[PDB]
There are 4 protein chains.
Amino acid sequence: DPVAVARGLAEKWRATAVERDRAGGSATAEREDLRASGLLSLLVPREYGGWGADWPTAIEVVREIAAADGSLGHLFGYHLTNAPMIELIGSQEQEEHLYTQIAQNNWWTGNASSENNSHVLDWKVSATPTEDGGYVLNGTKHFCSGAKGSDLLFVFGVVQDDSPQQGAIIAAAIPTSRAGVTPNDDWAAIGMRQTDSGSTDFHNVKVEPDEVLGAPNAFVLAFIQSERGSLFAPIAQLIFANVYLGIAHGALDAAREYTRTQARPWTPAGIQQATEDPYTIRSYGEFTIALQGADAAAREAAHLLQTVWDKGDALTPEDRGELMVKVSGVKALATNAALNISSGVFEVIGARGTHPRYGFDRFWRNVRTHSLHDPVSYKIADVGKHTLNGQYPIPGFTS
Amino acid sequence: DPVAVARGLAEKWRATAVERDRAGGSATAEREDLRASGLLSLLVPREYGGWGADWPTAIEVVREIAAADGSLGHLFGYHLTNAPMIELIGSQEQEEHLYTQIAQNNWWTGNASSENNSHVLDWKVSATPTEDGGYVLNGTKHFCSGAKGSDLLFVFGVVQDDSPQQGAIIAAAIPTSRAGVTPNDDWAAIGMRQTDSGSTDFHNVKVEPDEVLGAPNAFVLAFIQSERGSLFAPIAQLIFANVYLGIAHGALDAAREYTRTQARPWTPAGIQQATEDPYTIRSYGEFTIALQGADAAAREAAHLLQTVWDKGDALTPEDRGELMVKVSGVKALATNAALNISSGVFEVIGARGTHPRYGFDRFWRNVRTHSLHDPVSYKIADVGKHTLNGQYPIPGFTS
Amino acid sequence: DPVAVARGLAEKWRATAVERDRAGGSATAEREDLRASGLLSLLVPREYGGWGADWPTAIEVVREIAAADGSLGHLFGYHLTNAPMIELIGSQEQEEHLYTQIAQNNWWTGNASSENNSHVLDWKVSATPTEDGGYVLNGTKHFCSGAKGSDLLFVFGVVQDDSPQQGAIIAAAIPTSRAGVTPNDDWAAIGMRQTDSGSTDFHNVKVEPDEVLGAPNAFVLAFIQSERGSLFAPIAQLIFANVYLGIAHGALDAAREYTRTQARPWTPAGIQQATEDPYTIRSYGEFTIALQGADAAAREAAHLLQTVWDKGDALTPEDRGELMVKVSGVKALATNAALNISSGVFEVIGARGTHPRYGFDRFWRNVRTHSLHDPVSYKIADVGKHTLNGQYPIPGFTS
Amino acid sequence: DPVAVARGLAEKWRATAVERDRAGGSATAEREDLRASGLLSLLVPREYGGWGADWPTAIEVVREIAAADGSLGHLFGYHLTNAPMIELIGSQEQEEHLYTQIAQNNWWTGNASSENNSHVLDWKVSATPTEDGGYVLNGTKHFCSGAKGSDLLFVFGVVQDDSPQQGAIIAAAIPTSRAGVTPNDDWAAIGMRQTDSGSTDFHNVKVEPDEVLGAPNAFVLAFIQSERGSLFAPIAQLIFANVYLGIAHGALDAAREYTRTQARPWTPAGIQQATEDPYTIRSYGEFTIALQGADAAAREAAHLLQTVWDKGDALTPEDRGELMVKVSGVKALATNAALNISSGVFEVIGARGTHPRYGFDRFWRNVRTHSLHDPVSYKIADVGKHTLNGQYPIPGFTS
């Protein structure tokens with residue numbers, strides 16, 4: 001049971017959770033706990049050496065880790081979205097080889113991919129086609145995810161050479177240790193302080209032909225067609241939503257334990273014990289209930305993702321669309337719930353809980369930070385567009 | 001397929017939904033539509049002539065009807081909760097006898113049972129013991145459910161006699177047409193106008209010995225022990241929540257249809273198509289998303305109810321407690337979502353949509369009425385008590 | 001003391017508030033109460049025979065009436081907005097003559113004015129120029145305000161003549177009793193049921209030159225220039241906002257009195273006294289607080305309207321602009337508080353409060369109806385545009 | 001004009017707000033700015049050399065400061081609660097003596113006062129009576145306000161000696177530099193980091209007879225009787241609330257400027273200007289509107305505070321009660337508005353705005369910390385008890 005193993009790591013990590021949040025930098029030791037656990041091959045078929053877990057199970061693992069550490073939740077979760085990219089646009093040969101290498105070596109995969117808010121011809125990383133059918137990467141990807149400690153890096157570049165291939169997105173999986181690749185210790189933010197989300201430099205970085213995932217612009221073409229490559233956004237977004245849900249659970253549990261041990265009753269109102277306060281009880285109710293709704297929706301979307309995933313290349317543009325609509329709603333549900341609980345929980349904790357040795361603001365800071373990755377407003381709009389007009393979201397990296 | 005049948009009834013009923021809400025009284029013709037559909041025996045075991053459907057399916061049928069007509073959803077829905085009472089405290093012979101006649105005769109079951117907020121010694125219907133092992137009923141049950149058109153009536157009376165049975169709640173299933181039983185044409189409310197929830201008078205109504213369900217005070221004892229009789233509340237409460245969700249879908253679908261065909265864009269804002277307004281789109285998103293979360297939680301709870309139901313008498317106080325805690329949360333989720341959607345949908349419908357010929361306020365009026373059956377605040381409180389203090393709710397008729 | 005006069009009317013109207021809502025039609029007797037009270041000349045200057053009240057006092061009067069009856073609040077409030085149109089675009093002579101006639105004859109003013117959701121050549125009322133400098137009106141104004149019982153009617157027509165004046169909006173003040181004018185007994189809605197907001201047909205209705213208010217397109221010119229005529233919207237929107245607040249107070253008071261005397265405590269939760277239930281108490285707090293913020297903002301906006309009104313024609317587009325932004329916020333605050341309180345009040349009232357004899361849903365239905373006159377989403381947007389970009393609302397009939 | 005002084009300080013302090021927040025510790029240079037500004041004697045009567053400012057003006061001064069820096073806002077605001085304490089329970093000679101020196105020396109006043117959530121014999125600071133009519137203080141006050149840098153310290157001690165004075169709270173104002181007084185450099189919290197709110201040790205600290213403010217137990221007596229001394233809670237709570245409103249404005253302004261200058265439009269949605277995003281516009285609208293209502297309510301409470309303050313001893317317990325109810329609602333509004341805006345502002349700011357060099361989370365951390373001083377839940381409950389039952393708050397240090 002990967003979920004039990006994940007909880008084991010959580011047990012270990014909580015003892016250093018405050019300090020690690022305070023220190024920032026890379027979670028080198030915890031990255032190693034995860035590597036050693038075997039959990040990095042969670043979604044690799046058993047037959048290539050992995051766990052062969054299904055999407056609902058994998059998502060439970062993300063949630064468990066995220067409750068202990070928002071940054072480790074994001075790191076591991078974003079790791080899981082990477083390999084499937086091999087499947088969604090790569091060949092059967094790349095897929096077995098790379099999946100096998102990932103399971104065999106317990107590889108961390110990282111991400112230096114989409115520039116979600118830039119016209120492709122403005123992307124900082126250029127891909128120059130070479131005679132042997134490969135490409136050369138140049139530039140800096142400024143916001144990466146888990147590139148720093150990774151073994152295998154999933155990179156996107158745009159052909160900006162004024163050939164007719166101009167504007168083509170090139171997808172590749174290359175060793176992070178390839179010459180010319182520098183994942184920088186670059187990252188600073190109020191939250192998610194240990195996700196290593198700084199920049200990565202590429203300086204005459206060679207991509208071998210067999211390291212290119214599918215044809216040029218394979219992703220953009222799959223997006224337009226809503227073929228299997230278009231499962232990228234629903235997968236990544238559902239993971240993000242469950243990271244937030246784990247963080248909300250983490251907040252709710254830390255709060256509940258503090259209320260049980262350290263909180264004082266408000267004696268001017270005649271309350272005898274902090275756990276008996278009628279408004280404290282109500283608040284925990286509402287936190288639980290909001291999460292109940294959000295988690296049930298997350299689980300439903302995960303089972304829907306499994307069903308669609310099981311169709312392989314036989315998924316329809318309606319499948320992808322219905323799935324993306326559902327995941328967009330989970331993203332919204334998770335965002336709002338996690339934000340509201342992360343902050344609201346202080347009310348039942350009380351003044352002495354603001355001491356930094358509790359680090360109770362880390363949950364909020366962690367969600368407040370990543371929830372800005374892409375605007376929740378257009379996640380809501382996409383749902384409304386579908387409800388009202390039956391229109392599906394425009395396939396892209398985040399919708 | 002009972003849902004197919006119910007959806008068939010839904011289309012037919014929708015054409016007169018506005019007038020019926022405005023007229024009130026009994027939906028005599030639609031009740032007969034239900035009788036004729038064969039659907040009244042939905043939850044009756046296959047071996048006695050019923051459909052032998054499981055709880056999740058029965059709930060989908062309820063949701064289908066509730067979306068077309070809130071009163072009929074509740075009426076039918078509450079009907080389904082009555083018979084199982086036989087199973088929960090009645091005997092093996094009572095099940096075989098009553099289930100067979102319910103299914104074979106296509107009987108409406110009605111309800112004149114608990115007075116949920118009155119001390120038992122204050123209940124208006126007394127059961128005075130008779131020598132032959134029966135009872136005679138006297139008094140008026142001021143709030144009933146479906147008694148009026150029913151064939152079989154489930155009644156509670158309290159022994160306030162002086163006998164050794166004194167203070168005990170007696171449950172019985174007797175024919176509604178028995179002498180002394182007068183279900184009054186009594187019901188008035190801003191909403192749920194066709195649910196026939198008026199008073200029923202009892203004047204020397206004799207209950208035969210084999211019509212008595214379980215020992216004297218069986219429900220109360222089952223509650224203390226959390227034995228099978230204590231599933232009453234989780235069942236009815238889950239039924240209610242899904243009525244509210246059905247009503248929310250009816251409101252949301254009605255709005256969508258009107259916005260698409262009848263709504264005008266706000267041209268002072270330069271909007272050219274009502275369906276392309278960014279705030280209209282956002283609002284439809286928010287409605288869907290709140291329902292998405294509430295529906296998913298309701299459905300999980302339906303499966304947990306099935307699980308617990310299938311355990312028969314081997315259910316534990318732990319099984320019952322966890323279930324009620326989950327249903328309590330669904331009741332809250334559904335209450336809030338149906339209220340917000342029922343009311344909010346007006347924002348995107350527009351001024352001309354307030355005309356009575358649309359009856360667009362019926363959804364809100366239906367949810368607003370029944371959501372007061374028992375206070376959502378203590379549904380919320382019960383969840384908080386479990387989350388914070390690990391307490392399960394005290395078993396009773398509404399918790 | 002006009003507020004004292006208003007409380008006197010409220011006390012008179014109180015016993016039959018339920019009855020009036022159920023009957024719909026015209027509040028013929030109560031419209032007469034208002035006429036006899038002298039309050040219709042509240043905003044007419046003392047020098048012309050009126051009370052010469054300031055805007056804050058006039059708005060206090062509106063709130064009293066609205067608290068007693070949403071429809072009468074609306075009728076009286078909209079009446080107050082019509083008269084100033086004489087001042088804002090009429091000549092000094094029309095001003096002295098009409099103000100004097102309104103005050104001396106105690107005239108009801110009515111409205112068959114803007115078609116807020118149509119470009120002018122799509123307006124249903126045509127204004128055809130006559131040699132003598134007058135106009136003839138033809139067509140139907142489908143949404144009117146107080147036209148049915150009025151003495152003086154403010155009408156808008158569009159020159160659709162292929163005249164040189166074509167496309168011009170003509171504003172006029174004519175007797176409702178002029179031949180060819182037919183205010184229909186046409187109005188039906190779930191709420192605001194006695195506001196006589198039906199259609200008015202115009203059949204070759206003559207408007208004399210001295211009945212024309214300002215130049216052709218006077219409103220549009222004054223708006224574009226943000227001259228004094230452009231105060232219509234802030235005046236009208238501030239009145240609307242205070243009607244809603246008045247209705248919110250009405251619901252809150254009705255609820256409280258019911259809770260104090262008739263609400264039952266929830267005994268399964270062990271509550272002995274309903275007025276001591278902790279969640280009931282919290283809910284009344286939240287109702288009061290929402291109202292506390294919204295009322296204080298409204299009052300501040302009233303004094304700002306006064307300051308601006310007193311600048312006469314020396315007001316700048318900045319004065320008008322800042323004022324409208326302030327009123328836009330009050331409109332949003334009032335809309336939301338009145339909707340939330342109108343409905344939420346049921347939670348603390350209980351099941352028996354759904355009986356039609358209490359008509360407790362009249363408050364919500366009234367606000368729910370009129371809050372759709374113009375979209376609150378764009379009141380909110382106008383505020384946001386100003387906060388972020390310093391942009392002022394585009395002047396029109398609702399902004 | 002003290003407000004012009006406050007605005008001058010605030011402009012300067014905004015510039016170093018980010019670093020000072022990250023550094024924590026004491027704001028020594030800024031505390032010295034305040035002293036030099038003359039602003040510390042704001043509430044000292046003109047006849048003793050102070051500003052003699054009225055409450056609305058003093059409260060505006062707190063807001064100005066808080067918008068720039070929440071910590072300085074709390075420090076200065078709490079300082080201001082100390083001064084009136086001389087008036088409300090001291091003698092006329094103490095008034096002349098203490099007020100003169102504060103104004104002349106520009107003294108910081110600090111606080112080792114009430115234990116708002118502790119029973120009197122449980123207070124850590126005991127007051128042992130001395131022969132000369134003075135007291136000796138022993139123990140450590142764990143939560144102080146501005147004690148560390150103060151010149152004059154207001155201390156409460158409880159008689160726990162088994163004299164006839166047992167249980168009496170003794171109030172005194174002593175020089176902070178008195179032997180035996182040790183303010184520890186103790187303060188740490190996620191927010192309000194520069195408010196110097198740590199512990200202060202008292203070790204056989206002598207209180208001279210003329211240093212005692214009023215009779216033994218003067219405060220508790222004043223509370224029970226609702227005499228003038230009982231204005232402490234409404235004054236402190238209104239000050240607190242305006243700190244939150246100040247912080248909320250600070251958050252809002254910081255966001256608006258960032259959005260205008262640094263925010264990226266979301267190009268997948270076809271947005272060309274970030275300031276033209278309809279949902280970005282809506283959010284700023286909503287932020288503005290929440291603040292609009294709360295500010296107006298706050299300003300209203302300050303004038304009511306003036307009215308009651310100006311009544312001197314002729315204030316009634318009803319005067320006190322009504323004001324405290326009004327202030328409670330302001331406290332609730334400000335808490336909620338500041339929390340929602342401090343956090344929500346990140347949505348329209350975007351990902352790069354999470355960099356620590358912007359310190360944009362400092363607004364939330366500051367409000368989130370101090371909003372826990374006393375539970376807003378009971379501010380809400382106090383309002384509801386008044387609305388429903390006409391009950392007033394139990395006079396104390398926070399109500």
Side-chain angles (χ1 to χ4, degrees), chain B residues 2 5-6 9 26 28 30-55 57-58 61-62 65 72 75-113 125 127 130 132-137 141 144-157 170-183 196 200 202 205-215 218-219 228-229 231-232 235-236 239 309 312:
Chain B
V5 180
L9 295 174
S26 295
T28 307
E30 288 70 32
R31 291 175 52 93
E32 298 307 306
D33 290 343
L34 261 162
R35 166 176 273 118
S37 74
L39 229 36
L40 292 168
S41 63
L42 180 61
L43 281 172
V44 178
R46 292 192 185 273
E47 74 192 66
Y48 304 127
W51 301 58
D54 58 19
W55 284 106
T57 301
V61 172
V62 173
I65 290 170
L72 297 172
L75 182 67
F76 176 78
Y78 213 120
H79 158 79
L80 295 179
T81 69
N82 293 312
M85 193 185 301
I86 301 155
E87 191 152 355
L88 301 160
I89 59 168
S91 65
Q92 181 65 244
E93 40 268 38
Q94 287 171 320
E95 292 179 39
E96 181 179 358
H97 182 239
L98 289 180
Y99 275 160
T100 304
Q101 286 178 331
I102 288 167
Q104 177 196 350
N105 301 315
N106 284 286
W107 276 353
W108 273 99
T109 69
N111 187 282
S113 62
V125 185
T130 59
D132 60 323
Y135 297 83
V136 286
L137 302 179
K141 192 80 69 187
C144 301
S145 303
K148 205 253 206 176
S150 66
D151 307 295
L152 186 63
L153 182 66
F154 292 78
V155 198
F156 294 172
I170 314 303
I174 63 167
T176 309
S177 62
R178 177 148 308 155
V181 179
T182 306
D196 295 310
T200 296
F202 299 83
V205 175
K206 188 228 194 98
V207 182
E208 305 296 14
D210 55 27
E211 291 172 326
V212 178
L213 302 175
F219 263 119
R228 206 178 189 207
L231 286 190
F232 180 84
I235 286 167
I239 293 283
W309 177 268

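Values below: all heavy atoms of this structure, side chains included; hydrogens, waters and symmetry mates excluded. Proteins come first, then strands; the chains are lettered A, B, ... in the order of their sequence lines, and each starts at number 1.
At least one side-chain heavy atom of B/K206 sits under 4.5 Å from a side-chain heavy atom of B/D132. A heavy-atom distance below 4.5 Å is not found between the side chains of B/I174 and B/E208. When side chains are defined from C-beta on, B/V155 counts as touching B/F202, because their heavy atoms get closer than 4.5 Å. At a threshold of 4.5 Å between non-hydrogen side-chain atoms, the residues B/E30 and B/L75 do not count as touching. At least one side-chain heavy atom of B/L42 sits under 4.5 Å from a side-chain heavy atom of B/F76. B/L39 has its side chain within reach of B/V61: a pair of non-hydrogen atoms, C-beta onward, lies under 4.5 Å apart. For the pair B/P84/B/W55, a side-chain contact is recorded, criterion being any heavy-atom separation below 4.5 Å from C-beta on. Taking 4.5 Å as the limit, every side-chain heavy atom of B/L213 sits out of range of all side-chain heavy atoms of B/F219.
Closest approach of B/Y78 and B/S145 over heavy atoms only: CE1-OG, 3.9 Å. Scanning all heavy atoms of the two residues, the minimum distance from B/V44 to B/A103 falls at CG1-CB, 4.0 Å. B/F156 approaches B/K141 most closely through the heavy-atom pair O-NZ, 3.0 Å. In plain terms, the two heavy atoms of B/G49 and B/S41 that are nearest each other are O-OG, 4.4 Å. Taking both residues in full, the closest heavy atoms of B/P2 and B/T57 are given as CG-CG2, 3.9 Å, listed atom of the first, atom of the second, then distance. Closest non-hydrogen pair, B/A112 versus B/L153, comes out as N-CD1, 4.0 Å.
The distance from atom CG of B/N106 to atom CD of B/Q101, rounded to the nearest 0.5 Å, is 12.5 Å. Put simply, CD1 on B/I102 and CG on B/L43 are 11.0 Å apart, with the number rounded to the nearest 0.5 Å. Annotation: the span from B/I235 atom CD1 to B/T81 atom OG1 amounts to 8.0 Å, rounded to 0.5 Å. B/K148 contributes atom NZ, which lies 13.0 Å from atom OG1 of B/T182 (distance to the nearest 0.5 angstrom). Taken to the nearest 0.5 Å, the CG atom of B/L152 stands 5.5 Å off from the CH2 atom of B/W107. The structure places CD of B/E95 at 9.0 Å from CG of B/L88, a figure rounded to the nearest 0.5 Å.
Of the possible donor and acceptor atoms, one in the side chain of B/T176 sits under 3.5 Å from a partner among the backbone N and O of B/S150. Distance alone, capped at 3.5 Å, places no donor-acceptor pair between the B/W108 side chain and the B/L34 backbone. Checked by atom type and distance alone, the side chain of B/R228 pairs as donor or acceptor with a backbone atom of B/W309 at under 3.5 Å. B/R35 places no side-chain N or O within 3.5 Å of a backbone atom of B/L40 that could act as its donor or acceptor partner. Checking side-chain atoms of B/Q94 against main-chain N and O of B/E211 turns up no donor-acceptor pair under 3.5 Å.
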Working note: B/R31 + B/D196, criterion side chain to side chain contact (heavy atoms under 4.5 Å, CB included); need CA distance, chi angles, decisive distance, verdict.
CA-CA 11 Å; B/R31 291 175 52 93; B/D196 295 310; 4.0 Å; yes
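Looking at B/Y99 and B/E87, their side chains do bring a donor and an acceptor atom within 3.5 Å of each other.
Of the candidates B/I65, B/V62, B/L9, B/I65 is the only one forming a side chain to side chain contact (heavy atoms under 4.5 Å, CB included) with B/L72.
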